[PDB]
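Okay, structure first, notes after.
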Amino acid sequence: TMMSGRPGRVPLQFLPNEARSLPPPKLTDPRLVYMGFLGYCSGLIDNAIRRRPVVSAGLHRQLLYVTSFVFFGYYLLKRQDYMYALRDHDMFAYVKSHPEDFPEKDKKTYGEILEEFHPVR
Amino acid sequence: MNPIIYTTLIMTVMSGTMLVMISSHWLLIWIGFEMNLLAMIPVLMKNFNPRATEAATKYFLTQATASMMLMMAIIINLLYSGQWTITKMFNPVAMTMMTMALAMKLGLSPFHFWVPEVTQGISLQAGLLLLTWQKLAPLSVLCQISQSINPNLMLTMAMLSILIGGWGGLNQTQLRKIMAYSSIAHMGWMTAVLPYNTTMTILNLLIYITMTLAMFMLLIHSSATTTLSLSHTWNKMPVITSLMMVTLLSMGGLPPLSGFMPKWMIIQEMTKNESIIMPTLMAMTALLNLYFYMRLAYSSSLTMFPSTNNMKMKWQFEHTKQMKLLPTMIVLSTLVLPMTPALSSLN
Amino acid sequence: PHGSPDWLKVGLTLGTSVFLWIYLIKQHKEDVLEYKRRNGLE
Amino acid sequence: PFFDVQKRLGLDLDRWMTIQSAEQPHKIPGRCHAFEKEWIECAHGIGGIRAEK
Amino acid sequence: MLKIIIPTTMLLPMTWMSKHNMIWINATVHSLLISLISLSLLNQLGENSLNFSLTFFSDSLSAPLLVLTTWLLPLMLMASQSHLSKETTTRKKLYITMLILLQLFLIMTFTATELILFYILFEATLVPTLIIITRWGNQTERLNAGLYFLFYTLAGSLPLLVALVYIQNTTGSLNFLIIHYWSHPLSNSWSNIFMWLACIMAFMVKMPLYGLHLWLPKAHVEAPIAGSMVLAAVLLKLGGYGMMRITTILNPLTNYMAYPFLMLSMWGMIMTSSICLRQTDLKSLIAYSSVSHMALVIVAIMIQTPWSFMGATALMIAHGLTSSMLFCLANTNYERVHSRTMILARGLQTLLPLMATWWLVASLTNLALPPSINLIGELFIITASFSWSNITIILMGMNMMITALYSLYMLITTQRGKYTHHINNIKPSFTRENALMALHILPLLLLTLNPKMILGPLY
Amino acid sequence: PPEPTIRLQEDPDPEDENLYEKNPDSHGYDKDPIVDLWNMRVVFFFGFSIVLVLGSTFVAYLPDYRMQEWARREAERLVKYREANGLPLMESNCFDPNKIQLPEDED
Amino acid sequence: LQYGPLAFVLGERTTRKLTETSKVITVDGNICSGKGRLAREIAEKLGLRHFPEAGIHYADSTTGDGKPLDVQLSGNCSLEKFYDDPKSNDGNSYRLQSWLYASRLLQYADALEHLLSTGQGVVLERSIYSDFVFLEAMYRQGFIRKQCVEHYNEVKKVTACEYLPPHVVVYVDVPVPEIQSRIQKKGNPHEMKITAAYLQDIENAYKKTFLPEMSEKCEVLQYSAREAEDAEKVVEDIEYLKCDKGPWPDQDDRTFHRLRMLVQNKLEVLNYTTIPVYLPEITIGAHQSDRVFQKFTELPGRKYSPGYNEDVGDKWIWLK
Amino acid sequence: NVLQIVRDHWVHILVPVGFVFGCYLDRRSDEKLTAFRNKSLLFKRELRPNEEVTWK
Ligand SMILES: CCCCCCCCCCCCCCCCCC(=O)OC[C@H](COP(=O)([O-])OCC(O)COP(=O)([O-])OC[C@@H](COC(=O)CCCCCCCCCCCCCCCCC)OC(=O)CCCCCCCCCCCCCCCCC)OC(=O)CCCCCCCCCCCCCCCCC
Ligand SMILES: CCCCCCCCCCCCCCCCC[C@@H](O)O[C@H](CO[C@H](O)CCCCCCCCCCCCCCC)COP(=O)(O)OCC[N+](C)(C)C
Ligand SMILES: CCCCCCCCCCCCCCCCC[C@@H](O)O[C@H](CO[C@H](O)CCCCCCCCCCCCCCC)COP(=O)(O)OCC[N+](C)(C)C
Ligand SMILES: CCCCCCCCCCCCCCCCC[C@@H](O)O[C@H](CO[C@H](O)CCCCCCCCCCCCCCC)COP(=O)(O)OCC[N+](C)(C)C
Ligand SMILES: CCCCCCCC/C=C/CCCCCCCC(=O)OC[C@H](COP(=O)(O)OCCN)OC(=O)CCCCCCC/C=C/CCCCCCCC
Ligand SMILES: Nc1ncnc2c1ncn2[C@@H]1O[C@H](COP(=O)(O)OP(=O)(O)O)[C@@H](O)[C@H]1O
């Protein structure tokens with residue numbers, strides 16, 4: 001799946017307009033919480049490197065790190081969900097438009113299938 | 001040099017890379033490569049000494065030869081098809097020569113010999129720039145013409161790069177040579193997935209660039225270029241040694257660290273294409289990179305080496321210049337495994 | 001050295017954080033409303 | 001990799017020099033103008049793979 | 001399952017925000033409380049499993065291992081409290097952080113609905129153990145031991161990742177439930193043979209198998225007491241759990257495939273039990289006894305009968321507790337003697353009678369005295385092997401005899417006889433050490449009242 | 001040979017410190033007697049009192065989710081019924097053959 | 001705005017600060033000579049800044065409080081023990097020499113920084129130049145080994161290859177018996193034990209190596225005890241002479257920018273004073289290093305950065 | 001003394017808060033697997049006069 005050549009794709013569009021039809025990630029999304037945790041860890045390591053009280057040196061700096069991480073994570077998650085939605089839409093459309101390549105398998109019950117039995121001895 | 005001149009040269013390097021990345025005409029790509037080559041030379045020679053001059057002239061020779069091969073490939077492609085657009089290569093070994101030129105530019109085996117020498121000769125900042133920024137343009141071109149490449153040659157050079165990096169890193173006591181061999185092995189890992197998925201190549205590039213930035217900034221902060229010189233860092237900045245050890249473990253590909261994400265994905269991708277033996281061999285060979293990373297970790301933070309008396313004076317001073325992005329680089333190169341599916345963003 | 005808390009940088013940092021949070025909340029509200037209107041929920 | 005700035009902005013930085021049959025000065029034709037015109041028209045929008053076959 | 005995971009995660013900020021002289025007290029109390037919380041998982045069903053969510057499930061094979069993993073942490077903290085006395089607060093906090101991370105990785109490993117998540121956590125457990133071994137180690141060979149432990153594991157496990165991603169590419173899912181319900185026979189093919197080898201060798205190396213057991217004496221001898229405890233009690237059982245989980249896909253190929261391993265383990269238990277007879281080291285002797293027990297567990301898993309699986313589970317739990325107790329006793333001797341050689345300090349029963357009683361109980365439970373769960377697993381595995389083949393018993397017989405021998409040998413060399421005249425720094429045993437031994441031994445004699453609680457899902 | 005025969009400036013190896021000498025009733029937990037005694041108390045209470053006793057009682061009185069008495073009663077009722085009917089206890093076939101469709105050989 | 005590339009780009013040029021009076025000058029005297037008195041009068045008369053000779057705890061005077069730290073936490077050596085037992089078993093002699101050279105390097109860096117940032121000249125006692133004469137005397141008397149002087153030469157080359165030599169070197173010349181007499185008249189019991197051979201080697205060393213090598217790249221004023229008493233003639237000689245043979249006239253704005261970035265960031269100035277070459281007189285084991293570093297950390301105002309120490313009295317920590 | 005022992009004993013509250021938070025998260029994750037509630041062939045049951053869901 002190389003989607004660079006997809007027809008009707010704006011070159012440098014981070015989030016296309018049709019992505020607005022997808023549900024946005026919730027503000028309490030676990031991945032957003034993880035990005036905020038990453039920002040908090042970045043703040044702690046920043047305090048540790050510059051030889052400052054790790055937990056309580058700069059509250060504004062740690063808050064800025066967490067907020068920026070959450071912002072970028074929200075937009076990145078939006079783009080991720082949009083790209084996966086595009087992949088699924090393309091796969092379903094291709095399956096619909098090529099019936100001969102995806103035949104409907106005849107439903108068969110185990111009572112009429114013969115599976116070889118290997119005893120455990 | 002004059003800071004204005006240095007800023008202008010850095011902007012010229014970046015503008016050459018961007019010209020390579022945004023242009024659709026082969027001549028403009030070659031011109032961007034020429035611009036980057038021209039503006040890179042003084043950066044390698046910011047600190048004037050015979051070592052830096054030797055490194056710069058070796059780099060210039062290799063890159064000029066690569067540019068000449070690139071132009072010959074372009075001209076043969078034009079001869080067999082009157083096209084200048086960067087597309088399918090349209091021809092036999094014209095593509096082979098294009099691949100060889102791009103491999104020499106990237107430093108892939110068997111054209112790996114110049115990377116350790118140039119990295120050892122230049123300082124740590126020049127080495128950082130050389131090993132991080134100078135990979136974007138050739139990899140972008142390779143990603144553009146990936147459907148043209150013969151998989152046999154690309155995979156052969158990738159496996160050679162991995163093997164040579166793994167073996168050559170074992171014998172080094174200098175940190176810059178270790179970084180150069182690490183770069184060679186990582187490029188080998190990157191180019192083995194180009195025939196199958198360029199997104200995985202870009203993901204590996206991003207992860208490797210983050211790890212290399214963190215490692216080089218940690219090495220600059222504790223200004224050591226040798227294993228023993230690095231062994232004295234614990235007596236002043238133990239937290240730096242701990243962060244360095246964690247980053248080295250991440251670069252070794254250990255889960256759950258961030259550096260595990262590319263190889264994993266790459267292996268996964270290569271299994272979708274009915275390829276098993278090469279992923280197995282690549283993992284077993286990256287074990288060597290892990291071994292010499294682990295030796296450096298032993299010498300760095302897991303053991304306390306003897307110190308010197310004058311070290312006491314260094315206890316009384318603090319670094320005047322502080323790197324702002326270092327904390328972020330460490331976190332991104334250490335703790336981004338759970339965000340793996342974000343690679344669908346076509347990074 | 002001998003320095004006071006730089007109120008300029010503190011003010012800039014707090015303002016940037018608050019502006020980013022407010023813009024994120026507004027963007028989330030607009031995205032929710034636009035998605036509902038596009039899919040015809042409410 | 002390739003960041004298609006020209007298409008996004010409509011700049012035409014280097015597309016004028018890519019093919020023989022694209023607005024030569026004084027309307028001087030290439031030696032293979034008709035063949036390249038036919039090949040380009042045939043392969044437009046088909047894609048490289050179907051285009052190649 | 002998060003009701004266990006979240007407190008374990010909260011253990012870290014609590015430790016790092018603790019007062020400089022209250023870390024041990026806070027850590028032990030909250031670890032014991034988390035262990036109590038873990039006890040809820042033991043009430044399993046005869047039906048499928050305790051599927052909490054899409055990410056984590058519980059099983060009566062997973063529940064005893066989870067309970068043991070939770071219970072081990074307070075014991076490790078109490079054991080480590082002694083030799084970390086002259087150490088800075090930051091490094092003690094780092095040690096406790098490493099122990100907490102190891103527990104968290106093990107807890108997530110044992111639930112692990114998906115095989116790739118299981119592999120990721122299974123290899124994530126490697127880093128804290130390596131750092132504990134190579135940082136807070138006494139001798140100069142801790143670096144070589146850490147290198148051996150890392151590289152044996154990774155050489156074994158790198159093919160496993162390729163095999164897993166290939167299996168997901170073909171089948172379409174790595175989920176345990178889907179794999180069990182959709183299992184299909186493997187044709188006897190060279191590719192299938194190599195897939196079987198890649199799926200099995202990673203768990204075989206960590207048991208470890210007799211051929212691949214070299215890393216273990218180094219890692220056990222050079223690690224601190226907490227490292228030895230976690231290696232002998234929990235980290236060795238990861239291979240057995242992985243084999244029991246992954247063997248379902250392997251059949252019917254396992255029967256032909258199992259012979260090289262069955263022979264290696266049946267001869268290696270004898271070899272290692274015999275090695276135990278001529279040893280100059282307590283820690284090496286305990287390590288080789290662990291190797292013998294895990295070789296028997298390998299035999300049980302490879303036979304792959306219900307009684308085999310129940311015996312393997314019971315033996316894993318019993319061996320974990322017994323080996324942790326034995327290492328604790330050896331460390332109590334070492335902290336007084338600083339030599340860690342059996343023949344130097346002798347006749348300790350005269351000087352330390354209660355500690356000699358603890359030694360006797362530990363050696364008896366290592367000897368598999370009935371009706372202890374050690375012998376329950378021993379006998380179930382022996383009966384299953386006899387049903388597999390009536391000749392195996394002979395080897396098993398030798399093993400039992402040899403085991404008893406070296407066990408009592410270790411009891412006789414250090415506790416009986418005449419005390420060395422020169423050593424005079426043997427102080428009376430502390431309340432902490434006696435509490436450690438009591439907390440090690442009481443769960444075994446409580447579990448022998450309810451064996452079904454540790455007999456696995458095939459009960 | 002004017003070498004000092006000393007490889008480096010090193011602290012002497014300290015002797016082991018006894019917790020009993022400076023404090024009888026030392027419990028082997030800490031050098032501070034108050035922290036010592038409280039650590040002993042919390043370990044004893046949260047290990048022997050809470051976990052070993054309450055947890056053992058909880059495990060002992062766990063409800064029958066394994067369904068052992070349920071299975072016993074089911075078997076009792078089933079055998080009571082089968083003996084009366086004259087049915088031969090447990091059947092050899094786990095599934096009824098009428099709903100299994102074998103493949104005809106014709107060899 | 002701390003000095004950096006941005007300041008140099010915008011306004012900061014140090015060529016305009018030079019007003020022909022900077023003239024870095026170093027004065028060297030033999031043991032018990034009045035070099036300090038002459039240098040202080042030179043600084044007062046010419047309007048320059050005097051730098052007291054760097055001691056064991058010179059670095060302590062510039063970091064945190066000016067009060068010196070403990071001997072074990074700063075220097076781990078004493079001059080009194082060197083005088084009492086110059087052939088001591090623990091190698092205190094070369095440790096003393098190395099610490100003194102490092103302190104002199106720090107002092108030279110600080111003087112250069114002040115001269116470049118303000119334009120006001122400085123006056124110095126024995127600098128990194130001519131500090132080797134004590135090394136030579138200590139070697140000849142048998143106080144130190146040849147490995148010690150090899151290590152000193154390595155460190156001195158690597159460090160001193162980065163600085164501009166002093167404009168004028170002023171030497172006061174005094175006889176050996178006279179300086180010995182001044183030594184007894186001083187009254188220091190430890191100083192009483194200096195042998196005539198040591199002073200002769202040291203005195204001899206200045207003439208044999210220091211004058212000839214610095215005469216080719218500096219301007220030298222050899223003075224005797226009597227004529228060094230009056231500083232009017234000294235300042236007159238300083239003002240009359242003009243320096244055109246050293247590296248200073250060849251320097252420009254960018255060289256000064258590089259030198260000013262060099263003298264700042266003292267950590268990189270002292271980078272090569274701790275090179276990984278293991279001499280038993282100076283190498284320190286892991287356990288002692290850890291314990292001493294922990295003790296240094298437990299100092300009142302040394303656990304954190306200078307502005308982030310609560311016990312000293314720094315406020316608004318949570319908002320800096 | 002209140003407001004003084006808190007500054008030293010505040011850490012103890014963290015493990016129990018994590019436990020209750022984990023219980024809440026387990027229930028919340030459970031809430032997302034209700035697609036087959038009162039639909040299994042083994043337990044199809046008619047709702048009580050004052051019952052809405054068989055299990056929560
Ligand atoms: C699985 C996911 C879940 C867990 C996540 C895991 C990761 C999480 C954390 C990630 C990183 C962030 C923090 C690290 C920054 C480093 C700072 C530091 O060192 O600590 C000092 C600091 C205390 O010291 P200090 O007084 O400030 O000054 C002393 C100096 O800082 C320093 O003093 P010093 O320099 O004199 O001491 C020297 C020492 C100091 O050197 C260090 O300690 C370096 C720090 C470790 C390196 C970090 C690398 C990056 C992160 C990688 C994590 C790896 C995880 C993957 C598994 C692999 C394991 C390696 O170094 C050495 O001793 C040398 C040898 C060390 C031995 C070998 C090195 C192994 C280190 C690997 C550690 C990995 C786990 C780290 C966990 C956190 C540790 C702080 O610690 C803290 O107080 C911060 C801890 C966290 C704060 C918790 C606050 C939250 C509580 C309130 C909120 C409630 C939460 C719930 C909300 C709702 C409830 C109501
Ligand atoms: C190592 C961790 C990753 C961190 C990377 C650095 C983070 C800072 C970057 C700051 C924001 C960058 C976004 C750029 C703004 C607009 C981008 C937009 O215009 O470009 C689009 C593309 O968007 C960007 O490519 C997305 C970049 C996002 C990278 C995140 C993925 C990281 C991998 C998973 C690890 C988790 C990291 C989480 C912590 C940051 C259009 O691309 P297109 O012209 O059509 O085709 C070219 C690309 N092709 C050829 C591959 C198809
Ligand atoms: C070192 C410490 C212990 C490490 C672990 C050791 C355990 C791993 C050893 C693997 C066990 C055997 C591997 C393959 C067994 C296949 C069965 C074979 O032995 O029997 C005959 C096979 O004949 C011969 O064995 C052919 C193979 C000969 C080449 C193998 C090398 C023999 C010795 C090498 C041992 C080195 C192992 C370690 C390598 C590093 C049957 O003949 P055939 O009907 O035709 O084949 C049936 C299989 N089919 C159906 C798939 C075709
Ligand atoms: C000091 C000298 C002796 C003094 C004391 C004298 C008194 C001796 C009495 C002590 C033992 C003698 C035998 C008497 C046994 C009577 C009690 C027994 O019957 O109860 C058992 C109950 O014991 C429990 O089943 C076993 C204990 C649980 C073990 C869990 C371990 C505790 C957690 C700690 C951490 C775990 C670490 C190890 C990880 C796996 C068996 O119960 P069960 O027959 O079934 O059915 C009970 C009734 N029902 C039907 C209503 C349910
Ligand atoms: C000591 C461990 C036991 C080692 C026993 C053999 C050692 C000698 C082997 C050395 C490495 C050999 C590398 C190449 C092996 C090739 C096997 C192979 O390709 O099979 C892959 C097979 C089928 O291939 P396809 O082409 O996709 O099928 C289509 C047509 N049917 O698919 C798979 O099962 C993939 C699984 C990966 C195979 C594992 C390869 C490594 C060897 C197995 C592990 C054994 C060594 C373990 C090391 C022990 C150290 C603790
Ligand atoms: N390179 C050196 N090696 C050893 N000792 C030195 C060195 N440089 C200076 N000193 C010591 O500095 C002390 C003071 O110097 P000096 O000029 O003789 O006295 P004063 O400060 O009163 O003028 C002297 O006792 C001398 O030994």
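Following the order of the structure tokens, first chain is A, next is B, and so on, with residues numbered from 1 inside each chain and ligands from 1 in the order they appear.
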
Taking only C-alpha atoms into account and nothing else, which residues of chain F lie no more than 10 Å away from chain B? Please answer as a short mmCIF file (atom, residue, chain, number, x, y, z; two decimals) with N, CA, C and O atoms, in the first residue's frame.
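Result saved to result_2.cif:
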data_model
loop_
_atom_site.label_atom_id
_atom_site.label_comp_id
_atom_site.auth_asym_id
_atom_site.auth_seq_id
_atom_site.Cartn_x
_atom_site.Cartn_y
_atom_site.Cartn_z
N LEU F 8 47.25 4.01 42.69
CA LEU F 8 46.33 5.14 42.67
C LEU F 8 45.94 5.48 44.10
O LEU F 8 46.13 4.69 45.03
N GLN F 9 45.39 6.68 44.27
CA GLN F 9 44.91 7.14 45.57
C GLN F 9 43.56 6.49 45.84
O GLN F 9 42.57 6.81 45.18
N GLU F 10 43.51 5.59 46.81
CA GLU F 10 42.33 4.79 47.06
C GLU F 10 41.96 4.84 48.54
O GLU F 10 42.83 4.81 49.41
#

Legend entry - Site check for ligand 2: residues at most 9 Å away, only C-alpha atoms and all ligand atoms, as a ChimeraX atom specification: /A:2-5,9-15,35,38,69,72-73,76,79-80 /B:140,143-144,198-199,202-211,258,261,329,331-333,335-347 /D:1-5

Report as a tab-separated table the residues of chain G within 8 Å of ligand 6, each with its shortest atom pair and distance in Å (one decimal), using only C-alpha atoms and all ligand atoms, ordered by chain and increasing residue number.
residue	atom	partner	partner_atom_place_in_ligand_line	distance
G:29	CA	ligand 6	17 (O)	6.5
G:30	CA	ligand 6	18 (O)	6.5
G:31	CA	ligand 6	18 (O)	3.7
G:32	CA	ligand 6	18 (O)	3.8
G:33	CA	ligand 6	17 (O)	5.7
G:34	CA	ligand 6	23 (O)	5.3
G:35	CA	ligand 6	23 (O)	6.0
G:36	CA	ligand 6	23 (O)	5.3
G:37	CA	ligand 6	23 (O)	7.6
G:53	CA	ligand 6	21 (O)	7.3
G:55	CA	ligand 6	12 (O)	7.3
G:79	CA	ligand 6	5 (N)	7.1
G:96	CA	ligand 6	4 (C)	7.4
G:97	CA	ligand 6	3 (N)	5.8
G:100	CA	ligand 6	1 (N)	6.6
G:101	CA	ligand 6	1 (N)	7.2
G:126	CA	ligand 6	8 (N)	6.9
G:131	CA	ligand 6	1 (N)	4.8
G:132	CA	ligand 6	1 (N)	6.8
G:133	CA	ligand 6	1 (N)	6.8
G:134	CA	ligand 6	1 (N)	4.6
G:135	CA	ligand 6	1 (N)	6.9
G:191	CA	ligand 6	25 (O)	6.6

Legend entry - Contacts of ligand 4, 8 Å or closer, only C-alpha atoms and all ligand atoms, given as an MDAnalysis selection string: (chainID E and resid 35:36 39 64:69 71:72 317 321 440 443:444 446:450 453:454) or (chainID F and resid 51:53 55:63)

Any chance you could export the current selection's N, CA and C atoms as a compact mmCIF listing (two decimals), in the first residue's frame?
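Saved file selection09.txt follows:
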# COMPACT_ATOMS: atom_id res chain seq x y z
N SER E 35 0.07 -7.52 46.45
CA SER E 35 0.01 -8.98 46.44
C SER E 35 -1.36 -9.47 46.90
N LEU E 36 -1.91 -8.84 47.92
CA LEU E 36 -3.22 -9.21 48.43
C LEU E 36 -4.27 -9.00 47.33
N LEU E 39 -4.55 -11.81 44.66
CA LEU E 39 -5.21 -13.03 45.13
C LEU E 39 -6.61 -13.28 44.55
N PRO E 64 -1.53 -18.42 39.17
CA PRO E 64 -0.48 -18.72 40.16
C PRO E 64 0.83 -18.01 39.88
N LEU E 65 1.21 -17.89 38.60
CA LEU E 65 2.44 -17.19 38.26
C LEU E 65 2.34 -15.71 38.61
N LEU E 66 1.19 -15.09 38.34
CA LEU E 66 0.99 -13.69 38.71
C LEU E 66 1.05 -13.50 40.21
N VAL E 67 0.42 -14.40 40.97
CA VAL E 67 0.43 -14.29 42.42
C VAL E 67 1.85 -14.44 42.95
N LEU E 68 2.61 -15.40 42.42
CA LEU E 68 4.00 -15.57 42.84
C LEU E 68 4.85 -14.36 42.49
N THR E 69 4.65 -13.80 41.29
CA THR E 69 5.41 -12.62 40.89
C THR E 69 5.12 -11.44 41.81
N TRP E 71 4.03 -11.68 44.95
CA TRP E 71 4.52 -12.01 46.29
C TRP E 71 6.04 -11.89 46.39
N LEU E 72 6.75 -12.04 45.27
CA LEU E 72 8.20 -12.06 45.34
C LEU E 72 8.79 -10.69 45.67
N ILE E 317 5.90 -23.65 40.30
CA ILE E 317 5.61 -22.83 41.48
C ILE E 317 6.49 -23.26 42.66
N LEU E 321 9.55 -21.01 44.67
CA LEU E 321 9.61 -20.69 46.09
C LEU E 321 10.84 -21.30 46.75
N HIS E 440 8.95 -17.12 53.03
CA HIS E 440 9.23 -18.01 51.91
C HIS E 440 8.56 -19.37 52.10
N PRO E 443 3.94 -20.21 52.52
CA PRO E 443 3.08 -20.45 51.35
C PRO E 443 3.15 -21.86 50.79
N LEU E 444 4.32 -22.51 50.80
CA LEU E 444 4.40 -23.88 50.30
C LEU E 444 3.53 -24.82 51.12
N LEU E 446 1.10 -24.03 52.99
CA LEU E 446 -0.31 -23.69 52.84
C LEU E 446 -0.87 -24.22 51.52
N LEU E 447 -0.06 -24.16 50.45
CA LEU E 447 -0.51 -24.61 49.14
C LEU E 447 -0.67 -26.12 49.08
N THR E 448 0.12 -26.86 49.86
CA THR E 448 -0.06 -28.31 49.85
C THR E 448 -1.42 -28.73 50.39
N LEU E 449 -2.14 -27.84 51.08
CA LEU E 449 -3.51 -28.12 51.50
C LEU E 449 -4.49 -27.98 50.35
N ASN E 450 -4.18 -27.14 49.36
CA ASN E 450 -5.07 -26.87 48.23
C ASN E 450 -4.27 -26.99 46.93
N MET E 453 -5.18 -25.42 43.36
CA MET E 453 -5.03 -24.00 43.12
C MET E 453 -3.81 -23.70 42.25
N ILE E 454 -2.91 -24.66 42.07
CA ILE E 454 -1.70 -24.46 41.28
C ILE E 454 -1.51 -25.55 40.23
N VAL F 51 -1.83 -10.77 54.82
CA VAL F 51 -1.78 -11.60 53.61
C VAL F 51 -1.94 -13.08 53.96
N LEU F 52 -1.07 -13.61 54.82
CA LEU F 52 -1.06 -15.05 55.07
C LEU F 52 -2.35 -15.54 55.71
N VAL F 53 -3.03 -14.71 56.49
CA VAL F 53 -4.21 -15.18 57.21
C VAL F 53 -5.47 -14.87 56.42
N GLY F 55 -5.76 -13.72 53.34
CA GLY F 55 -5.69 -14.27 52.00
C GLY F 55 -5.91 -15.77 51.95
N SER F 56 -5.34 -16.50 52.91
CA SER F 56 -5.58 -17.94 52.97
C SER F 56 -7.04 -18.24 53.23
N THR F 57 -7.67 -17.48 54.13
CA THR F 57 -9.10 -17.68 54.38
C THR F 57 -9.92 -17.37 53.14
N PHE F 58 -9.55 -16.32 52.41
CA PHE F 58 -10.27 -15.95 51.19
C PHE F 58 -10.14 -17.04 50.13
N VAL F 59 -8.93 -17.58 49.95
CA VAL F 59 -8.72 -18.64 48.97
C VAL F 59 -9.45 -19.90 49.39
N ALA F 60 -9.52 -20.18 50.69
CA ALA F 60 -10.19 -21.38 51.17
C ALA F 60 -11.68 -21.35 50.87
N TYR F 61 -12.32 -20.19 51.01
CA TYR F 61 -13.77 -20.07 50.85
C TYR F 61 -14.15 -19.49 49.49
N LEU F 62 -13.34 -19.73 48.47
CA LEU F 62 -13.68 -19.26 47.14
C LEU F 62 -14.91 -20.00 46.62
N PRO F 63 -15.83 -19.31 45.95
CA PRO F 63 -17.03 -19.98 45.43
C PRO F 63 -16.69 -20.96 44.32

Inset, instruction - Determine, counting only C-alpha atoms, which protein, DNA and RNA residues have an atom within 12 Å of an atom of residue 18 in chain C; residues of the same chain fewer than 5 positions away are not included. Present the result as a list in words. - result: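 Close residues of residue 18 in chain C: residues 60, 63, 64, 66, 67, 68 and 71 of chain A; 11, 12, 13, 23, 24 and 25 of chain C.
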
For the residues in that selection, give me N, CA and C atoms as a short mmCIF file (atom, residue, chain, number, x, y, z; two decimals), in the first residue's frame.
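Final output, saved to selection15.cif:
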data_model
loop_
_atom_site.label_atom_id
_atom_site.label_comp_id
_atom_site.auth_asym_id
_atom_site.auth_seq_id
_atom_site.Cartn_x
_atom_site.Cartn_y
_atom_site.Cartn_z
N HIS A 60 6.10 26.37 34.64
CA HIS A 60 5.70 26.89 33.34
C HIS A 60 6.33 26.10 32.20
N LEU A 63 4.62 22.70 31.96
CA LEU A 63 3.28 22.88 31.41
C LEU A 63 3.34 23.13 29.91
N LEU A 64 4.30 23.94 29.46
CA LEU A 64 4.45 24.20 28.03
C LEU A 64 4.80 22.92 27.28
N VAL A 66 4.09 19.80 28.14
CA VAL A 66 2.93 18.91 28.11
C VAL A 66 1.90 19.42 27.11
N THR A 67 1.65 20.73 27.10
CA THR A 67 0.64 21.29 26.21
C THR A 67 1.04 21.12 24.74
N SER A 68 2.30 21.40 24.41
CA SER A 68 2.75 21.24 23.03
C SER A 68 2.68 19.78 22.60
N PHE A 71 -0.96 18.94 21.91
CA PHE A 71 -1.39 19.55 20.66
C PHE A 71 -0.93 18.74 19.45
N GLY C 11 5.59 35.06 31.52
CA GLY C 11 4.34 35.49 30.90
C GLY C 11 4.16 34.92 29.51
N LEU C 12 5.24 34.91 28.72
CA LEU C 12 5.16 34.33 27.38
C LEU C 12 4.83 32.84 27.44
N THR C 13 5.45 32.11 28.37
CA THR C 13 5.21 30.68 28.48
C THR C 13 3.77 30.39 28.88
N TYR C 23 -7.11 27.10 21.86
CA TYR C 23 -7.23 26.79 20.44
C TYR C 23 -7.54 25.32 20.23
N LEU C 24 -6.94 24.44 21.04
CA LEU C 24 -7.22 23.01 20.93
C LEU C 24 -8.67 22.71 21.29
N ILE C 25 -9.18 23.33 22.36
CA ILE C 25 -10.57 23.11 22.74
C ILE C 25 -11.51 23.59 21.64
#
